[PDB]
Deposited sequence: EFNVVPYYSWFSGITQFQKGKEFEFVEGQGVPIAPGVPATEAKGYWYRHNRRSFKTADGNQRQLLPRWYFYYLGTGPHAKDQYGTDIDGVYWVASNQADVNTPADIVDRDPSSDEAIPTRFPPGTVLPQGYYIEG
């Protein structure tokens, strides 16, 4: 969970389940589908949430990534494509990444997270489980 309230993603997360596997998409891919959003607005980034478990006397919790439209979320002011640890930038070939997406953030319980799905043809990152 989060002990500091997060910026809320419109979408469900993508959880790592195999070590060493890289979170990636093919250029032009990796923007989750939201009804009615034009392709020109399909631009943003996945943000890594590093998770931490507590110590037991048993025997580790891998990161989960969340999507934010460009100009929103915890890296709202960073430039598209810039090398930042824990930020993976994605955009439709139709999007102009110089301009923020004109896309209101989500919440209250005015709207729940949209289950993450990608269009046919999307190369899915092996070793990751899409929540939902």
Relative to the deposited sequence numbered from 1, which residue ranges are unmodelled? 60-62
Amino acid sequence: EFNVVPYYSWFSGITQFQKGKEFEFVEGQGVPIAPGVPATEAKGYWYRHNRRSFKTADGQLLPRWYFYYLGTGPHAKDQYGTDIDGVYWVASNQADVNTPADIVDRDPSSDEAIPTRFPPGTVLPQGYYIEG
From here on, numbers count along this sequence of modelled residues.
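So that the term is clear: the rigid core is the largest set of C-alpha atoms that superpose within 1.5 Å between two forms.
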Consider 106-114 and 17-25 separately and indicate which one has Cα atoms farther, on average, from the shown form in 6 other deposited structures of this protein after rigid core alignment. 106-114
May I ask you to compare 82-90 and 96-104 by their mean CA B factor in the entry and name the higher one? 96-104
Of 15-23 and 113-121, the one with larger mean CA B-factor: 15-23
Hey, out of 73, 63, 59, 32, whose CA B-factor is highest in the deposited coordinates? 59
Chain-relative CA temperature factor third for residue 7: lowest
Lowest, middle or highest third: where is residue 36 by C-alpha B factor in its chain? highest
